Amino acid sequence: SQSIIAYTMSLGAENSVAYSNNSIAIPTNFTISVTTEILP
Amino acid sequence: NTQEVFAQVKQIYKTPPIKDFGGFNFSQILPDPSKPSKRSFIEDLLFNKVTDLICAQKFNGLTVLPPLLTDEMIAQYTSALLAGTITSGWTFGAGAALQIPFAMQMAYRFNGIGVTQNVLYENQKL
Amino acid sequence: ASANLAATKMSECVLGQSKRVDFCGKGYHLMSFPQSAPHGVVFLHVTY
Amino acid sequence: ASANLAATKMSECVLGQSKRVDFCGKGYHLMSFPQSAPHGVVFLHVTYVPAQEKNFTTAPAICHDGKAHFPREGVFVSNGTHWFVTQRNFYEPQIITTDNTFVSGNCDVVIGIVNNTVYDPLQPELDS
């Protein structure tokens with residue numbers, strides 16, 4: 001039951017970042033990633 | 001050109017409901033929800049100063065194709081970048097968004113240019 | 001070519017903080033606030 | 001134009017280390033390894049991207065002797081018990097001490113300043 005559908009473009013996931021004077025977030029973990037970039 | 005420029009992020013950032021930035025007024029640069037089409041007070045002028053004609057040309061044999069990205073969506077990308085710059089500071093482009101107060105964000109921005117953090121905390125009023 | 005320049009400034013001046021001389025505007029660059037404009041983009045550069 | 005873009009990346013990314021954003025790839029740039037491809041070049045960019053974070057209580061300055069104490073490196077954070085000095089990139093608890101802080105101005109200037117005891121390494125040495 002699949003076919004072609006028309007929809008409004010999604011602008012990306014909604015993320016609400018809390019903001020306060022005394023609130024801060026220090027990363028407790030990290031990740032090293034490898035990005036592949038190709039140029040002619 | 002619009003994909004490689006306007007949208008630098010895959011997420012949507014929003015400003016907090018209560019606005020206290022420490023005495024800084026971003027209302028002019030941020031989008032006003034009271035307007036029918038979302039835009040800031042600066043973008044409102046940018047739209048009026050820069051200028052149917054395209055339909056007459058379409059029938060004359062020159063087709064004007066509509067852009068893939070609408071102007072309203074462009075305003076949302078900017079608002080997301082503005083909300084991130086304000087709320088997330090410099091941390092939203094380098095990885096997971098971190099909560100930082102904008103007062104301490106400038107403190108890091110001054111330490112990078114060779115200005116001691118004490119200048120901000122003391123003179124932040126000026 | 002102009003679009004690529006806007007993309008470079010967007011990442012360096014807005015997203016991050018660049019030490020480049022007079023790339024983000026005269027003076028030491030602090031923060032940049034982008035603004036939508038028809039067929040282009042406007043950058044408000046806060047400098048010291 | 002594409003060849004010039006790669007040329008700059010060879011010097012900035014591979015040979016050297018770039019502090020600019022969105023050039024050598026997302027996140028802090030560590031090292032780039034070039035790879036040969038037909039009529040072109042491929043770049044493997046090793047970057048440092050933070051993942052998990054935790055919300056903490058912070059203050060602009062600490063007040064002990066009557067003058068505002070500012071961080072020399074890092075920021076002030078608290079888990080609800082004691083105030084620690086930690087870097088912005090990672091969480092590494094460190095005791096607040098004169099060596100990690102600098103005295104400037106007075107406590108009546110900074111808005112939101114918190115009171116605490118700054119550890120002085122010369123005090124316990126008096127017993128020796």
# chains A, B, ... in the order shown; residues from 1 in each chain; ligands from 1
$ interface_residues --of "chain C" --to "chain D" --cutoff "12 Å" --atoms "only C-alpha atoms" --output "list in words"
residues 1, 4, 7, 8, 9, 10, 11, 12, 13, 14, 15, 16, 17, 18, 19 and 20 of chain C
$ write_last_selection --atoms "N, CA, C and O atoms" --output "mmCIF file, in the first residue's frame"
data_model
loop_
_atom_site.group_PDB
_atom_site.id
_atom_site.type_symbol
_atom_site.label_atom_id
_atom_site.label_comp_id
_atom_site.auth_asym_id
_atom_site.auth_seq_id
_atom_site.Cartn_x
_atom_site.Cartn_y
_atom_site.Cartn_z
ATOM 1 N N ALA C 1 30.172 31.954 -6.801
ATOM 2 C CA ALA C 1 31.349 32.363 -6.041
ATOM 3 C C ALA C 1 30.951 33.175 -4.816
ATOM 4 O O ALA C 1 31.485 32.967 -3.720
ATOM 5 N N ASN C 4 29.475 30.872 -2.120
ATOM 6 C CA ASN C 4 30.490 30.168 -1.343
ATOM 7 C C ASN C 4 31.078 31.070 -0.267
ATOM 8 O O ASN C 4 31.361 30.618 0.848
ATOM 9 N N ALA C 7 28.729 31.189 2.569
ATOM 10 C CA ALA C 7 28.788 29.956 3.347
ATOM 11 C C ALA C 7 30.003 29.947 4.265
ATOM 12 O O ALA C 7 29.924 29.478 5.407
ATOM 13 N N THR C 8 31.137 30.462 3.783
ATOM 14 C CA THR C 8 32.336 30.508 4.612
ATOM 15 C C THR C 8 32.143 31.444 5.797
ATOM 16 O O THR C 8 32.433 31.080 6.942
ATOM 17 N N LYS C 9 31.652 32.660 5.540
ATOM 18 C CA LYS C 9 31.381 33.595 6.627
ATOM 19 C C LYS C 9 30.341 33.046 7.594
ATOM 20 O O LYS C 9 30.484 33.208 8.811
ATOM 21 N N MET C 10 29.294 32.398 7.077
ATOM 22 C CA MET C 10 28.268 31.836 7.949
ATOM 23 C C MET C 10 28.878 30.897 8.980
ATOM 24 O O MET C 10 28.566 30.985 10.173
ATOM 25 N N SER C 11 29.754 29.992 8.545
ATOM 26 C CA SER C 11 30.351 29.038 9.471
ATOM 27 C C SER C 11 31.344 29.717 10.406
ATOM 28 O O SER C 11 31.302 29.511 11.624
ATOM 29 N N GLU C 12 32.248 30.528 9.856
ATOM 30 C CA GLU C 12 33.298 31.128 10.671
ATOM 31 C C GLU C 12 32.779 32.273 11.531
ATOM 32 O O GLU C 12 33.036 32.308 12.740
ATOM 33 N N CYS C 13 32.048 33.218 10.935
ATOM 34 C CA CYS C 13 31.668 34.425 11.661
ATOM 35 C C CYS C 13 30.475 34.178 12.579
ATOM 36 O O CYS C 13 30.446 34.664 13.714
ATOM 37 N N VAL C 14 29.479 33.426 12.107
ATOM 38 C CA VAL C 14 28.251 33.214 12.869
ATOM 39 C C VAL C 14 28.395 31.987 13.759
ATOM 40 O O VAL C 14 28.464 32.106 14.988
ATOM 41 N N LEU C 15 28.431 30.801 13.148
ATOM 42 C CA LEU C 15 28.473 29.561 13.920
ATOM 43 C C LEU C 15 29.616 29.580 14.928
ATOM 44 O O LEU C 15 29.405 29.394 16.132
ATOM 45 N N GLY C 16 30.832 29.806 14.453
ATOM 46 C CA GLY C 16 32.010 29.851 15.293
ATOM 47 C C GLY C 16 32.543 31.256 15.467
ATOM 48 O O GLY C 16 31.868 32.248 15.162
ATOM 49 N N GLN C 17 33.774 31.345 15.965
ATOM 50 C CA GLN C 17 34.469 32.615 16.136
ATOM 51 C C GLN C 17 35.805 32.529 15.418
ATOM 52 O O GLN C 17 36.606 31.630 15.696
ATOM 53 N N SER C 18 36.044 33.461 14.501
ATOM 54 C CA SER C 18 37.225 33.443 13.648
ATOM 55 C C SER C 18 38.180 34.554 14.060
ATOM 56 O O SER C 18 37.749 35.671 14.366
ATOM 57 N N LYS C 19 39.474 34.242 14.062
ATOM 58 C CA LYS C 19 40.516 35.223 14.322
ATOM 59 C C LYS C 19 41.032 35.879 13.049
ATOM 60 O O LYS C 19 41.955 36.698 13.120
ATOM 61 N N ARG C 20 40.466 35.538 11.892
ATOM 62 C CA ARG C 20 40.916 36.120 10.635
ATOM 63 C C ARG C 20 40.770 37.635 10.671
ATOM 64 O O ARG C 20 39.853 38.175 11.295
#
$ residues_around --residues "residue C:48" --least-positions-apart "5" --cutoff "8 Å" --atoms "only C-alpha atoms" --output "MDAnalysis selection string"
chainID C and resid 27:30
$ closest_atom_pairs --of "chain A" --to "chain D" --cutoff "7 Å" --atoms "only C-alpha atoms" --output "CSV"
residue,atom,partner,partner_atom,distance
A:22,CA,D:58,CA,4.8
A:23,CA,D:57,CA,5.3
A:24,CA,D:56,CA,5.3
A:25,CA,D:55,CA,4.4
A:26,CA,D:53,CA,5.4
A:27,CA,D:53,CA,3.8
A:28,CA,D:53,CA,4.9
A:29,CA,D:52,CA,5.0
A:30,CA,D:50,CA,4.2
A:31,CA,D:49,CA,5.4
A:32,CA,D:48,CA,4.8
A:33,CA,D:47,CA,5.6
A:34,CA,D:46,CA,4.6
A:35,CA,D:45,CA,4.9
A:36,CA,D:44,CA,5.0
A:37,CA,D:43,CA,5.2
A:38,CA,D:42,CA,4.6
A:39,CA,D:41,CA,5.9
A:40,CA,D:40,CA,4.4
$ atom_distance --atom1 "atom CA of residue A:21" --atom2 "atom CA of residue B:7"
28.6 Å
$ closest_atom_pairs --of "chain B" --to "chain A" --cutoff "7 Å" --atoms "only C-alpha atoms" --output "tab-separated table"
residue	atom	partner	partner_atom	distance
B:10	CA	A:12	CA	5.0
B:11	CA	A:12	CA	4.7
B:12	CA	A:14	CA	4.8
B:13	CA	A:15	CA	5.5
B:14	CA	A:16	CA	5.7
B:16	CA	A:19	CA	6.3
B:87	CA	A:19	CA	6.2
B:98	CA	A:25	CA	5.3
B:99	CA	A:24	CA	5.0
B:100	CA	A:24	CA	4.9
B:101	CA	A:21	CA	5.3
$ write_last_selection --atoms "N, CA, C and O atoms" --output "mmCIF file, in the first residue's frame"
data_model
loop_
_atom_site.group_PDB
_atom_site.id
_atom_site.type_symbol
_atom_site.label_atom_id
_atom_site.label_comp_id
_atom_site.auth_asym_id
_atom_site.auth_seq_id
_atom_site.Cartn_x
_atom_site.Cartn_y
_atom_site.Cartn_z
ATOM 1 N N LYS B 10 20.771 20.844 10.958
ATOM 2 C CA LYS B 10 19.665 19.924 10.738
ATOM 3 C C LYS B 10 18.598 20.008 11.822
ATOM 4 O O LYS B 10 17.614 19.265 11.759
ATOM 5 N N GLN B 11 18.764 20.886 12.809
ATOM 6 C CA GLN B 11 17.827 21.016 13.913
ATOM 7 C C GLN B 11 17.287 22.438 13.975
ATOM 8 O O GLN B 11 17.880 23.372 13.425
ATOM 9 N N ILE B 12 16.153 22.594 14.652
ATOM 10 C CA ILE B 12 15.496 23.884 14.815
ATOM 11 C C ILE B 12 15.713 24.348 16.248
ATOM 12 O O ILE B 12 15.354 23.640 17.198
ATOM 13 N N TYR B 13 16.298 25.530 16.407
ATOM 14 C CA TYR B 13 16.542 26.116 17.718
ATOM 15 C C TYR B 13 15.556 27.251 17.967
ATOM 16 O O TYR B 13 15.264 28.042 17.066
ATOM 17 N N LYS B 14 15.051 27.325 19.196
ATOM 18 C CA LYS B 14 14.083 28.337 19.589
ATOM 19 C C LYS B 14 14.586 29.089 20.815
ATOM 20 O O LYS B 14 15.353 28.555 21.623
ATOM 21 N N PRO B 16 14.094 31.113 24.501
ATOM 22 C CA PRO B 16 13.285 30.807 25.679
ATOM 23 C C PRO B 16 12.077 31.721 25.757
ATOM 24 O O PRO B 16 12.090 32.839 25.213
ATOM 25 N N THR B 87 21.344 31.258 22.471
ATOM 26 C CA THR B 87 21.208 30.264 23.531
ATOM 27 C C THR B 87 22.423 29.347 23.600
ATOM 28 O O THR B 87 23.003 29.152 24.675
ATOM 29 N N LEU B 98 25.235 22.907 23.852
ATOM 30 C CA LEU B 98 25.467 23.031 25.284
ATOM 31 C C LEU B 98 24.781 24.290 25.798
ATOM 32 O O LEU B 98 24.840 25.340 25.148
ATOM 33 N N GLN B 99 24.134 24.181 26.954
ATOM 34 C CA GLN B 99 23.503 25.337 27.576
ATOM 35 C C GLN B 99 24.568 26.213 28.221
ATOM 36 O O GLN B 99 25.335 25.744 29.070
ATOM 37 N N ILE B 100 24.633 27.476 27.811
ATOM 38 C CA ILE B 100 25.548 28.437 28.421
ATOM 39 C C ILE B 100 24.814 29.768 28.545
ATOM 40 O O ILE B 100 24.046 30.131 27.643
ATOM 41 N N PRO B 101 25.000 30.521 29.628
ATOM 42 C CA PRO B 101 24.434 31.874 29.675
ATOM 43 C C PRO B 101 25.194 32.813 28.753
ATOM 44 O O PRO B 101 26.424 32.773 28.673
#
$ select_by_dssp --residues "stretch 1-91 of chain B" --states "helix (DSSP H, G or I)" --output "PDB file with N, CA and C atoms, in the first residue's frame"
ATOM      1  N   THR B   2      21.356  28.045  -1.942  1.00  0.00           N
ATOM      2  CA  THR B   2      20.601  28.230  -0.708  1.00  0.00           C
ATOM      3  C   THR B   2      20.821  27.082   0.268  1.00  0.00           C
ATOM      4  N   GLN B   3      21.059  25.871  -0.242  1.00  0.00           N
ATOM      5  CA  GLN B   3      21.264  24.724   0.636  1.00  0.00           C
ATOM      6  C   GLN B   3      22.630  24.782   1.311  1.00  0.00           C
ATOM      7  N   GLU B   4      23.650  25.252   0.591  1.00  0.00           N
ATOM      8  CA  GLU B   4      25.002  25.326   1.126  1.00  0.00           C
ATOM      9  C   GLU B   4      25.255  26.583   1.946  1.00  0.00           C
ATOM     10  N   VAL B   5      24.307  27.517   1.984  1.00  0.00           N
ATOM     11  CA  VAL B   5      24.479  28.798   2.669  1.00  0.00           C
ATOM     12  C   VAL B   5      23.473  28.954   3.807  1.00  0.00           C
ATOM     13  N   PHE B  41      12.518  42.392  12.717  1.00  0.00           N
ATOM     14  CA  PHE B  41      12.327  43.798  12.374  1.00  0.00           C
ATOM     15  C   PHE B  41      13.374  44.263  11.373  1.00  0.00           C
ATOM     16  N   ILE B  42      14.552  43.637  11.382  1.00  0.00           N
ATOM     17  CA  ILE B  42      15.569  43.957  10.385  1.00  0.00           C
ATOM     18  C   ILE B  42      15.197  43.349   9.040  1.00  0.00           C
ATOM     19  N   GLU B  43      14.751  42.091   9.040  1.00  0.00           N
ATOM     20  CA  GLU B  43      14.333  41.451   7.797  1.00  0.00           C
ATOM     21  C   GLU B  43      13.135  42.160   7.178  1.00  0.00           C
ATOM     22  N   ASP B  44      12.255  42.731   8.005  1.00  0.00           N
ATOM     23  CA  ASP B  44      11.117  43.475   7.475  1.00  0.00           C
ATOM     24  C   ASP B  44      11.582  44.602   6.563  1.00  0.00           C
ATOM     25  N   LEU B  45      12.637  45.312   6.966  1.00  0.00           N
ATOM     26  CA  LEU B  45      13.182  46.371   6.126  1.00  0.00           C
ATOM     27  C   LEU B  45      13.915  45.793   4.922  1.00  0.00           C
ATOM     28  N   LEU B  46      14.665  44.707   5.123  1.00  0.00           N
ATOM     29  CA  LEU B  46      15.394  44.093   4.018  1.00  0.00           C
ATOM     30  C   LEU B  46      14.446  43.650   2.910  1.00  0.00           C
ATOM     31  N   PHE B  47      13.216  43.275   3.269  1.00  0.00           N
ATOM     32  CA  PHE B  47      12.253  42.834   2.265  1.00  0.00           C
ATOM     33  C   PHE B  47      11.636  44.012   1.520  1.00  0.00           C
ATOM     34  N   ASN B  48      11.431  45.139   2.202  1.00  0.00           N
ATOM     35  CA  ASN B  48      10.796  46.291   1.571  1.00  0.00           C
ATOM     36  C   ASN B  48      11.756  47.058   0.672  1.00  0.00           C
ATOM     37  N   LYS B  49      13.035  47.134   1.044  1.00  0.00           N
ATOM     38  CA  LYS B  49      14.006  47.891   0.265  1.00  0.00           C
ATOM     39  C   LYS B  49      14.417  47.182  -1.019  1.00  0.00           C
ATOM     40  N   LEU B  53       5.121  40.577 -13.204  1.00  0.00           N
ATOM     41  CA  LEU B  53       6.203  40.648 -14.181  1.00  0.00           C
ATOM     42  C   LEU B  53       6.667  39.255 -14.592  1.00  0.00           C
ATOM     43  N   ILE B  54       6.801  38.343 -13.628  1.00  0.00           N
ATOM     44  CA  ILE B  54       7.237  36.987 -13.946  1.00  0.00           C
ATOM     45  C   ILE B  54       6.169  36.204 -14.698  1.00  0.00           C
ATOM     46  N   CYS B  55       4.889  36.508 -14.476  1.00  0.00           N
ATOM     47  CA  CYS B  55       3.825  35.822 -15.199  1.00  0.00           C
ATOM     48  C   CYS B  55       3.752  36.288 -16.648  1.00  0.00           C
ATOM     49  N   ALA B  56       3.906  37.593 -16.883  1.00  0.00           N
ATOM     50  CA  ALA B  56       3.915  38.099 -18.251  1.00  0.00           C
ATOM     51  C   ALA B  56       5.061  37.493 -19.050  1.00  0.00           C
ATOM     52  N   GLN B  57       6.227  37.330 -18.421  1.00  0.00           N
ATOM     53  CA  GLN B  57       7.354  36.705 -19.103  1.00  0.00           C
ATOM     54  C   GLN B  57       7.102  35.220 -19.329  1.00  0.00           C
ATOM     55  N   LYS B  58       6.389  34.570 -18.407  1.00  0.00           N
ATOM     56  CA  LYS B  58       6.077  33.153 -18.568  1.00  0.00           C
ATOM     57  C   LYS B  58       5.255  32.921 -19.829  1.00  0.00           C
ATOM     58  N   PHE B  59       4.279  33.795 -20.083  1.00  0.00           N
ATOM     59  CA  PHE B  59       3.464  33.694 -21.286  1.00  0.00           C
ATOM     60  C   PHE B  59       4.185  34.210 -22.523  1.00  0.00           C
ATOM     61  N   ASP B  71      10.793  31.746   0.887  1.00  0.00           N
ATOM     62  CA  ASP B  71      11.340  32.803   1.729  1.00  0.00           C
ATOM     63  C   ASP B  71      10.982  32.595   3.195  1.00  0.00           C
ATOM     64  N   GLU B  72       9.777  32.089   3.474  1.00  0.00           N
ATOM     65  CA  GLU B  72       9.386  31.836   4.858  1.00  0.00           C
ATOM     66  C   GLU B  72      10.310  30.816   5.511  1.00  0.00           C
ATOM     67  N   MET B  73      10.650  29.745   4.791  1.00  0.00           N
ATOM     68  CA  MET B  73      11.565  28.749   5.336  1.00  0.00           C
ATOM     69  C   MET B  73      12.962  29.323   5.530  1.00  0.00           C
ATOM     70  N   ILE B  74      13.379  30.252   4.668  1.00  0.00           N
ATOM     71  CA  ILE B  74      14.670  30.908   4.857  1.00  0.00           C
ATOM     72  C   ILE B  74      14.680  31.674   6.172  1.00  0.00           C
ATOM     73  N   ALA B  75      13.569  32.340   6.496  1.00  0.00           N
ATOM     74  CA  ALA B  75      13.488  33.078   7.751  1.00  0.00           C
ATOM     75  C   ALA B  75      13.589  32.141   8.947  1.00  0.00           C
ATOM     76  N   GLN B  76      13.084  30.912   8.807  1.00  0.00           N
ATOM     77  CA  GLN B  76      13.158  29.958   9.907  1.00  0.00           C
ATOM     78  C   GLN B  76      14.590  29.484  10.125  1.00  0.00           C
ATOM     79  N   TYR B  77      15.340  29.271   9.042  1.00  0.00           N
ATOM     80  CA  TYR B  77      16.748  28.910   9.178  1.00  0.00           C
ATOM     81  C   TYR B  77      17.510  29.981   9.947  1.00  0.00           C
ATOM     82  N   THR B  78      17.336  31.247   9.560  1.00  0.00           N
ATOM     83  CA  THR B  78      17.993  32.334  10.280  1.00  0.00           C
ATOM     84  C   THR B  78      17.571  32.365  11.742  1.00  0.00           C
ATOM     85  N   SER B  79      16.264  32.315  12.014  1.00  0.00           N
ATOM     86  CA  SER B  79      15.794  32.297  13.395  1.00  0.00           C
ATOM     87  C   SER B  79      16.419  31.153  14.182  1.00  0.00           C
ATOM     88  N   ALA B  80      16.582  29.986  13.557  1.00  0.00           N
ATOM     89  CA  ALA B  80      17.243  28.874  14.232  1.00  0.00           C
ATOM     90  C   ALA B  80      18.709  29.186  14.497  1.00  0.00           C
ATOM     91  N   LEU B  81      19.388  29.805  13.527  1.00  0.00           N
ATOM     92  CA  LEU B  81      20.778  30.197  13.734  1.00  0.00           C
ATOM     93  C   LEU B  81      20.886  31.303  14.774  1.00  0.00           C
ATOM     94  N   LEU B  82      19.928  32.233  14.783  1.00  0.00           N
ATOM     95  CA  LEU B  82      19.924  33.282  15.798  1.00  0.00           C
ATOM     96  C   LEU B  82      19.663  32.703  17.182  1.00  0.00           C
ATOM     97  N   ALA B  83      18.679  31.809  17.298  1.00  0.00           N
ATOM     98  CA  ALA B  83      18.397  31.181  18.585  1.00  0.00           C
ATOM     99  C   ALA B  83      19.591  30.376  19.076  1.00  0.00           C
ATOM    100  N   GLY B  84      20.274  29.678  18.166  1.00  0.00           N
ATOM    101  CA  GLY B  84      21.448  28.918  18.562  1.00  0.00           C
ATOM    102  C   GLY B  84      22.592  29.808  19.004  1.00  0.00           C
ATOM    103  N   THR B  85      22.897  30.844  18.218  1.00  0.00           N
ATOM    104  CA  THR B  85      23.950  31.777  18.599  1.00  0.00           C
ATOM    105  C   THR B  85      23.684  32.371  19.977  1.00  0.00           C
ATOM    106  N   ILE B  86      22.438  32.757  20.242  1.00  0.00           N
ATOM    107  CA  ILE B  86      22.100  33.372  21.520  1.00  0.00           C
ATOM    108  C   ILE B  86      22.112  32.336  22.637  1.00  0.00           C
ATOM    109  N   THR B  87      21.344  31.258  22.471  1.00  0.00           N
ATOM    110  CA  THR B  87      21.208  30.264  23.531  1.00  0.00           C
ATOM    111  C   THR B  87      22.423  29.347  23.600  1.00  0.00           C
ATOM    112  N   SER B  88      22.828  28.779  22.464  1.00  0.00           N
ATOM    113  CA  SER B  88      23.914  27.810  22.429  1.00  0.00           C
ATOM    114  C   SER B  88      25.280  28.446  22.216  1.00  0.00           C
TER     115      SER B  88
END
$ atom_distance --atom1 "atom CA of residue D:103" --atom2 "atom CA of residue B:116"
12.2 Å
$ atom_distance --atom1 "atom CA of residue D:113" --atom2 "atom CA of residue D:61"
5.1 Å
$ closest_residue --among "D:125, D:36, D:29, D:115" --to "chain B" --atoms "only C-alpha atoms"
D:29
$ interface_residues --of "chain B" --to "chain D" --cutoff "12 Å" --atoms "only C-alpha atoms" --output "compact mmCIF listing (two decimals) with N, CA, C and O atoms, in the first residue's frame"
# COMPACT_ATOMS: atom_id res chain seq x y z
N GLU B 4 23.65 25.25 0.59
CA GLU B 4 25.00 25.33 1.13
C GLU B 4 25.26 26.58 1.95
O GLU B 4 26.33 26.70 2.55
N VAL B 5 24.31 27.52 1.98
CA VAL B 5 24.48 28.80 2.67
C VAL B 5 23.47 28.95 3.81
O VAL B 5 23.85 29.02 4.98
N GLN B 8 22.71 25.72 7.75
CA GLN B 8 23.91 25.07 8.25
C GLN B 8 23.64 23.99 9.29
O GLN B 8 24.59 23.35 9.74
N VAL B 9 22.39 23.78 9.67
CA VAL B 9 22.04 22.89 10.77
C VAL B 9 20.84 22.05 10.39
O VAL B 9 19.99 22.46 9.59
N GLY B 22 20.54 39.68 30.24
CA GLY B 22 21.49 40.48 30.98
C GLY B 22 21.52 41.94 30.59
O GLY B 22 22.50 42.64 30.88
N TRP B 90 28.61 29.41 20.80
CA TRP B 90 29.46 28.84 19.76
C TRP B 90 29.46 27.32 19.74
O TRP B 90 30.16 26.72 18.92
N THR B 91 28.69 26.68 20.63
CA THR B 91 28.79 25.24 20.82
C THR B 91 27.86 24.42 19.93
O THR B 91 28.01 23.19 19.89
N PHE B 92 26.92 25.05 19.23
CA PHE B 92 25.97 24.27 18.43
C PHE B 92 26.56 23.83 17.10
O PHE B 92 26.05 22.88 16.50
N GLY B 93 27.60 24.50 16.62
CA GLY B 93 28.21 24.14 15.35
C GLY B 93 29.33 23.13 15.49
O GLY B 93 29.66 22.43 14.53
N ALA B 94 29.91 23.04 16.68
CA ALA B 94 31.02 22.14 16.94
C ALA B 94 30.59 20.80 17.53
O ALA B 94 31.44 19.94 17.77
N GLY B 95 29.30 20.60 17.76
CA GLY B 95 28.82 19.35 18.34
C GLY B 95 27.49 19.56 19.04
O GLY B 95 26.75 20.49 18.73
N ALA B 96 27.22 18.66 19.99
CA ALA B 96 25.98 18.73 20.75
C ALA B 96 25.81 20.10 21.38
O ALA B 96 26.74 20.64 21.98
N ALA B 97 24.61 20.66 21.25
CA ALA B 97 24.33 21.98 21.81
C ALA B 97 24.47 21.96 23.32
O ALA B 97 23.90 21.10 24.00
N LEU B 98 25.24 22.91 23.85
CA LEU B 98 25.47 23.03 25.28
C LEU B 98 24.78 24.29 25.80
O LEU B 98 24.84 25.34 25.15
N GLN B 99 24.13 24.18 26.95
CA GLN B 99 23.50 25.34 27.58
C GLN B 99 24.57 26.21 28.22
O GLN B 99 25.33 25.74 29.07
N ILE B 100 24.63 27.48 27.81
CA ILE B 100 25.55 28.44 28.42
C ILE B 100 24.81 29.77 28.55
O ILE B 100 24.05 30.13 27.64
N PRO B 101 25.00 30.52 29.63
CA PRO B 101 24.43 31.87 29.68
C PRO B 101 25.19 32.81 28.75
O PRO B 101 26.42 32.77 28.67
N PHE B 102 24.45 33.67 28.06
CA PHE B 102 25.06 34.53 27.05
C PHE B 102 26.12 35.43 27.67
O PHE B 102 27.07 35.84 26.99
N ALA B 103 25.97 35.75 28.96
CA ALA B 103 26.98 36.56 29.64
C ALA B 103 28.33 35.86 29.65
O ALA B 103 29.36 36.48 29.40
N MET B 104 28.34 34.56 29.94
CA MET B 104 29.58 33.79 29.93
C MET B 104 30.04 33.46 28.52
O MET B 104 31.23 33.15 28.33
N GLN B 105 29.15 33.50 27.54
CA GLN B 105 29.55 33.26 26.16
C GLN B 105 30.48 34.37 25.67
O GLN B 105 31.52 34.10 25.06
N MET B 106 30.11 35.62 25.93
CA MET B 106 30.97 36.74 25.57
C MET B 106 32.29 36.68 26.33
O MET B 106 33.33 37.09 25.80
N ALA B 107 32.26 36.19 27.56
CA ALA B 107 33.50 36.04 28.33
C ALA B 107 34.49 35.16 27.59
O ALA B 107 35.70 35.43 27.57
N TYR B 108 34.00 34.08 26.97
CA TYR B 108 34.87 33.23 26.16
C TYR B 108 35.25 33.92 24.86
O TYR B 108 36.37 33.75 24.36
N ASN B 111 38.10 36.32 25.80
CA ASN B 111 39.36 35.64 26.09
C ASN B 111 40.06 35.20 24.82
O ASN B 111 41.29 35.09 24.79
N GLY B 112 39.30 34.94 23.75
CA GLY B 112 39.90 34.53 22.49
C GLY B 112 40.57 35.66 21.73
O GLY B 112 41.53 35.42 20.99
N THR B 116 40.79 40.35 28.80
CA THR B 116 40.57 39.62 30.04
C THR B 116 39.09 39.60 30.38
O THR B 116 38.38 40.59 30.20
N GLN B 117 38.62 38.45 30.87
CA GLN B 117 37.20 38.28 31.17
C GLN B 117 36.68 39.32 32.14
O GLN B 117 35.50 39.70 32.06
N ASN B 118 37.51 39.81 33.07
CA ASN B 118 37.09 40.81 34.03
C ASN B 118 36.47 42.04 33.38
O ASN B 118 35.60 42.67 33.99
N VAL B 119 36.91 42.40 32.17
CA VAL B 119 36.35 43.57 31.50
C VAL B 119 34.84 43.43 31.36
O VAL B 119 34.09 44.36 31.68
N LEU B 120 34.38 42.28 30.87
CA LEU B 120 32.94 42.08 30.69
C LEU B 120 32.20 42.17 32.02
O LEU B 120 31.32 43.02 32.19
N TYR B 121 32.56 41.31 32.97
CA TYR B 121 31.81 41.24 34.23
C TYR B 121 31.69 42.60 34.89
O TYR B 121 30.63 42.93 35.44
N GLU B 122 32.75 43.41 34.85
CA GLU B 122 32.72 44.73 35.46
C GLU B 122 31.99 45.75 34.60
O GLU B 122 31.14 46.49 35.11
N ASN B 123 32.30 45.80 33.31
CA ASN B 123 31.78 46.83 32.41
C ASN B 123 30.55 46.37 31.62
O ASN B 123 30.09 47.10 30.74
N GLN B 124 30.03 45.17 31.91
CA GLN B 124 28.91 44.65 31.13
C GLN B 124 27.77 45.65 31.02
O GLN B 124 27.02 45.64 30.04
N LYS B 125 27.62 46.53 32.02
CA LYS B 125 26.58 47.55 31.95
C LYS B 125 26.79 48.46 30.74
O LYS B 125 25.86 48.71 29.97
